[PDB]
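[1] as they sit in the full assembly, here are the leading chains:
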Amino acid sequence: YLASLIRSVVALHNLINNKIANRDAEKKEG
Amino acid sequence: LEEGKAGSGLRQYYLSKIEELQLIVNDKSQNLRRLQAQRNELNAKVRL
Amino acid sequence: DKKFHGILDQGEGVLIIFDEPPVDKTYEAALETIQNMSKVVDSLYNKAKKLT
Amino acid sequence: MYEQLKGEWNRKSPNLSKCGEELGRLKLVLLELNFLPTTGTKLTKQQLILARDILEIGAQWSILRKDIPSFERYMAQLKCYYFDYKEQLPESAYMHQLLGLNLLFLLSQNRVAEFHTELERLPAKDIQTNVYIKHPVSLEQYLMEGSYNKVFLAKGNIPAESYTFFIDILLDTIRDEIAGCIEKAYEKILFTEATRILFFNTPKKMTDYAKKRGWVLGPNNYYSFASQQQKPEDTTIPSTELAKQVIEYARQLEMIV
Amino acid sequence: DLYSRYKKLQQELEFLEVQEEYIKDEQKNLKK
Amino acid sequence: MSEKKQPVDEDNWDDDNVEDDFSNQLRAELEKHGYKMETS
Amino acid sequence: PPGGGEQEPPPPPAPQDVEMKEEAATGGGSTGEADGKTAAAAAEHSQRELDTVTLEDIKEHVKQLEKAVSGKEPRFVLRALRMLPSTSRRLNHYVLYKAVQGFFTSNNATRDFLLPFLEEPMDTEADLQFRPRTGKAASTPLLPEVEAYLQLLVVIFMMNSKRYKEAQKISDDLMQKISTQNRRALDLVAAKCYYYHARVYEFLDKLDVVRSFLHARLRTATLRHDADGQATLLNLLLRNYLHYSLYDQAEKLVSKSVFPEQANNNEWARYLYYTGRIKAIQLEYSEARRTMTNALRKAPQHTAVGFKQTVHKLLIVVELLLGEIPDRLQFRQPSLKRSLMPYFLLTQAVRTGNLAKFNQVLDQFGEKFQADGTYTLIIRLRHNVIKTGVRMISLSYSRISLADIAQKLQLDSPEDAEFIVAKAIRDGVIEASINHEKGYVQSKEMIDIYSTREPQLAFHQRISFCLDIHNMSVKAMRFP
């Protein structure tokens, strides 16, 4: 339970913040 | 020839396809070299 | 009114008291996951606006 | 021209000897125009329409000999004539039920995916008309009732025609399903309970069920022993395979890394 | 010459293919 | 899409999901539940 | 006349500005984009062409009207020529022909005179390089004109356009083959006209020959050059091969593959709806309910208007066959309301186990059901409603008697009530036990689901899917 619950929140920290920061630099560079 | 320049042209496409895939992974390693150089620069920062 | 924790039995006529109030795994998790949805929904304004 | 062909069609055949000669006569047609690719000038397909009539009775002769590869060969041709690129052909009174000969046989082999695709070619033609197709699709509704009982009520009056061979397979495929569909899971079923569905009086079929089931043979009753059945735990071994899951689970975490 | 360059185009391709193991194995050791 | 096939061919409305369940089940209901008093 | 005469000059400069900069800036931009880099593709103008033509598909296309003479088609199709940078003078000549419309007497060079115009890019000697620009000159003038749908004598001209557009296909396969990447640009461009191949036939007759031409183009893209090409052709397949009989259900098994990678986004979401109606007639509910629900959340962005709305109507057909559904007015739209009114009370009769209400819906709303072609379910949906009722009673009651459930569900007979539960256990509907004397149904509660065992087994697929999204994020992050 601690595995699946935390990994889902760790994914929410990994997926969200990455797509945000990546979409920021990618489309604003060119 | 037609065996041939179209067949060998298909051979030149697979290489360029793998080269494009290699060029992708090259660009995948270009920002990865930056992420490597970043932490390597931080490796110089902890020594700084 | 929470002043009494227990349950009865109508068939054999026995009132049985049982309690396990504390759960620290479920409550501290699900509340944050619901809050985690508010963190993404508030960021959906950033997502959709920067793209178009 | 060519023939003699329909001279033996009105008399049908006494046995399969004339059916073999009719196939040899159809073999001469397969060596000239075959089935295709002659577009026409549809006048060259008139004998192919005359071929449909002898291919219809050929499926009637193929279902009379019970041979499955023979029935599916004559039927697939009749289906390809309707699936032919030319959809304008002289209409035949057997065009309805000949599709049901394959459709009811398709129900005998229990194909749920191929049943509805058979009605997909003519969805509206099988509803407002074509009672020959409407009876089995109403009988399929009786299979969801289930029937059991309603089947013999629909079997009272049927043209049919030739459906007798397929409904007997529909019988036998329901008969072995009566043993399966009753239990699991009931607590107990009495002797007269299952006897109502088994019909007959005291056939060797239910005597065979008293053995092959096993299950139980009790006096004037039946039991689901033992128990309900076999009472699966299921197993305590999966506790080991969950550790095997964590192996590749940490592997998927090691690929990040 | 088309099949000649067909054998000349995988050098830098395999050189960049081994350059992927280059950066990977180097950055993993540098990580530790 | 707009490509391909398809171009060729609180509120009370939100509360209507629960309200339509009352249309075909047990009406609202008052008069009937008010009649249950003197029946038994 | 003086007022309306002075209002004619101003508008045509508007297409002479934005529509001039549509294919000249994108085509002239894709010129250097297709000469090199050419990574991937990208060729960002290919998706920009999607933002233009689809915007043109609303307004203004090439025409309108607009109070012009429709001389934009002959304008850009002549004098390509092309050559070294002097081609900039061809764009200057395109501006000089704009003044011809506003000065001299304007004449319409379209229609009958478009046949020699399509041969001009080959007669200019030469193209000499990019077929998509000629394909665009053979599409953007002609294809938006098809939305007029006058159907008189110009249908063969749309066929003559596809004839020279098939000559572009001759130059598509034969020419290049060395680091082409222009076919990937054409795979988006050649898809549209191939959708128009269906639109032209759908107004006259189904295409028997193009179906054979479809399999020829389908297999020729494999494996040599395929990006999104086979998928767009697979959309053409499942589109017409569904609506028209037969055997095309199982035909998808030999085509898949998948085909990977799904391109692009909602293109594969509606594809999951196309193969969803397949699995709807296949009667498999488990795979059909997940592909339709995924198709709804994966399909952006609309509006407008009923395209996504009407396609969502028939999308919940599999939900009506599931047996567990709420009322569908939550997916209703005010524009789709009047259209779904026969389809609204439909599911309202599914939520109820009444036979008189269920039969009255089919009788009154049967006029709308004829245009849907959904009559396949209405015969067997009766058994689906009785499973919704028996699941409602079995979940709300521990023991449920066959005599009490008979009249409440108006089965009226004990015999078929036993026949319902007999095949309910076969279908796994309920664990209810039955003791046979009179008889009656005495069941017991089902338990042991609990927490530990089964919910943790589902979490194995939950997190294994989550770490796949991590892989989807790693792949996506590595592209920039």
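    Perfect, I can see it now. Numbering: from 1, shown residues only, chains lettered A, B, ... in the order given.

[2] burial count for residue G:252?
    By other C-beta atoms under 10 Å in any protein chain shown, 16 other residues sit near residue G:252. In short, each C-beta sits where N, CA and C put it, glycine included.

[3] ditto for residue G:241
    20.

[4] got the contact list for it?
    With contacts taken as C-beta atoms under 8 Å, 6 or more residues apart in numbering or on different chains, residue G:241 has the following neighbours: G:211, G:248, G:251.

[5] let's see that with 10 Å instead.
    The contact partners of residue G:241, by C-beta atoms under 10 Å, 6 or more residues apart in numbering or on different chains, come to G:211, G:214, G:234, G:247-249, G:251-252, G:274, G:278.

[6] that one: which element?
    Element membership for residue G:241 (DSSP states H and E) is helix G:229-243.

[7] tell me, what residue is most central in chain B?
    Nearest to the mean C-alpha position of chain B, by C-alpha atoms, centre = their mean, lies residue B:26 at 2.1 Å.

[8] ok, now how distant is the residue of the stretch 1-150 of chain G found nearest chain A from residue G:185?
    Nearest to chain A in the stretch 1-150 of chain G, going by C-beta to the nearest C-beta, is residue G:44, at a distance of 9.5 Å. In this structure, residue G:44 and residue G:185 are separated by 11 Å, where distance is defined by C-beta to C-beta, to the nearest Å.

[9] so which of those two has more stuff around it?
    Taking residue G:44 and residue G:185 together and counting by other C-beta under 10 Å, residue G:185 has the greater number of neighbours (25 against 13).

[10] can you pull out the strands in chain B?
    Secondary structure of chain B (DSSP state E): no strands present.

[11] once you drop chain neighbours, what's closest to residue G:251?
    residue G:241 (6.8 Å; C-beta to C-beta, 6 or more residues apart in numbering or on different chains).

[12] and the residue nearest to the spatial centre of chain C, what are its phi and psi?
    Centrality entry for chain C: nearest residue to the mean C-alpha point is residue C:27, 4.8 Å, by C-alpha atoms, centre = their mean. As for residue C:27, its main-chain torsions (degrees, to the nearest 10) stand at phi -70, psi -40.

[13] nearest residue to the middle of the chain?
    Just going to use chain A. Residue closest to the mean C-alpha point of chain A, counted by C-alpha atoms, centre = their mean, is residue A:15 at 2.3 Å.

[14] now do the same contact list for that one.
    Applying C-beta under 10 Å, 6+ apart, the residues near residue A:15 are C:40, G:466, G:469-470, G:472-473, G:476.

[15] any idea which element residue G:257 lies in?
    With DSSP H and E as criterion, residue G:257 is part of no helix or strand.

[16] could you do residue G:215 as well?
    Assigned by DSSP H and E, residue G:215 falls within helix G:209-220.

[17] gap between that helix and the chain center?
    The offset between the C-alpha centroid of helix G:209-220 and the centroid of the whole chain comes to 20 Å, using C-alpha atoms, centre = their mean, to the nearest Å.

[18] which secondary structure state does the residue of chain G at minimum distance from chain D sit in?
    Minimum separation of chain G from chain D (C-beta to the nearest C-beta) falls at residue G:245, amounting to 3.8 Å. Residue G:245 falls in the coil class when you classify it by DSSP: H, G, I helix; E, B strand; the rest coil.

[19] add one more, call it chain H:
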Amino acid sequence: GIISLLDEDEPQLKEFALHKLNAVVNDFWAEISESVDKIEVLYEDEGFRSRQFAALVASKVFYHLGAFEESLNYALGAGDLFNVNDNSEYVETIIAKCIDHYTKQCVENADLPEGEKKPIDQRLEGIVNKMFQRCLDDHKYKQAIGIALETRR
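    Take a look at chain H, now in place beside the chains above:
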């Protein structure tokens, strides 16, 4: 279902079968997929005169289904009919998988270096020099030396 007509064991009808196959196979490409097992019976039969052409349509439904090396097994097994088709794309597909298998087999035999050589079919090595006459006919020197470096022999 045209497969049901194959019940006749006489090969005389099988020539009228493939005559129907190679035409309408565009729509029947999924239909012949269930008949692949029957194509194997016609190929393994020595008394079947069309087994050379039966391997052709076998590679047709295979390459359509995604089989690459499996199509090459029945390519060399198709006799002279595999060498007689220069038409459209179907020729360049199967010969590319054959040449790739040919060039990797010769390099493999070069690492032996000598002895215990693998069996070399005459058809996989035949299309090499046979079709190379086009380079001698077309006079192009660039493609001449090209195949020379590919075979390594």
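
[20] please re-evaluate the neighbour count of residue G:252 in the presence of chain H.
    Other residues within reach of residue G:252 by the criterion other C-beta under 10 Å amount to 17.

[21] so what does the helix or strand containing it touch, helix or strand wise?
    With secondary structure defined by DSSP H and E, residue G:252 is part of helix G:248-255. Contacts of helix G:248-255 with other secondary structure elements, assessed using 3 or more C-beta pairs under 10 Å, 6 or more residues apart in numbering or on different chains; DSSP states H and E, are made with helix D:112-120, helix G:229-243, helix G:266-281, helix H:11-28, helix H:51-65.

[22] now it against helix G:209-220, angle please.
    With axes from the mean of the first three to the mean of the last three C-alpha atoms, to 10 degrees as the basis, helix G:248-255 and helix G:209-220 are set at 20 degrees to each other.

[23] show residues contacting helix G:248-255.
    Outside of helix G:248-255, the residues within contact range by C-beta under 10 Å, 6+ apart are D:113-114, D:116-117, D:120, G:211, G:218, G:222, G:230, G:233-234, G:237-238, G:240-242, G:274-275, G:278-279, G:281-282, H:27-34, H:61, H:64-66.

[24] could you export it as PDB, CA atoms only?
    Taking C-alpha atoms only, helix G:248-255 is exported to PDB below (Å, rounded to 0.1, in the frame of the first residue of the first chain):
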ATOM      1  CA  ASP G 248     -14.200  -6.700 -42.300                       C
ATOM      2  CA  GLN G 249     -14.500  -7.300 -38.500                       C
ATOM      3  CA  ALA G 250     -11.800 -10.000 -38.300                       C
ATOM      4  CA  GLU G 251      -9.900  -8.200 -41.100                       C
ATOM      5  CA  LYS G 252      -8.400  -5.900 -38.400                       C
ATOM      6  CA  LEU G 253      -6.600  -8.900 -36.800                       C
ATOM      7  CA  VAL G 254      -4.200  -9.300 -39.800                       C
ATOM      8  CA  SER G 255      -3.700  -5.600 -40.200                       C
END
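
[25] that one: how far from the chain's middle?
    Taking mean C-alpha positions (C-alpha atoms, centre = their mean), helix G:248-255 and its chain are 18 Å apart.

[26] now do stretch H:64-76
    What separates the centre of stretch H:64-76 from the centre of its chain is 7 Å, taken as C-alpha atoms, centre = their mean.

[27] now the closest residue to the residue nearest to the centre of chain B other than its chain neighbours: how far from chain G?
    With C-beta to C-beta, 6+ apart as the measure, residue E:16 is the residue that lies nearest to residue B:26, at 5.7 Å, once sequence neighbours are left out. Summarising the geometry, the distance separating residue E:16 from chain G, computed by C-beta to the nearest C-beta, to the nearest Å, is 15 Å.

[28] can you point out the buried residues in the helix holding residue G:252?
    Buried residues in helix G:248-255, defined by neighbour count with 16 or more other C-beta atoms under 10 Å in any protein chain shown: G:248-252, G:254-255.

[29] just stretch G:153-165 next, same as before
    Under the neighbour-count rule (16+ other C-beta under 10 Å), stretch G:153-165 has G:154-155, G:157-158, G:161-162, G:164-165 buried.

[30] what's next to it, contact-wise?
    Stretch G:153-165 has contacts (C-beta under 10 Å, 6+ apart) with G:110-112, G:114-115, G:117-119, G:121-122, G:134-135, G:138-139, G:141-143, G:145-146, G:148-149, G:151, G:168-170, G:172, G:190, G:193-194, G:196-197, G:199-201, G:203-204, G:210.
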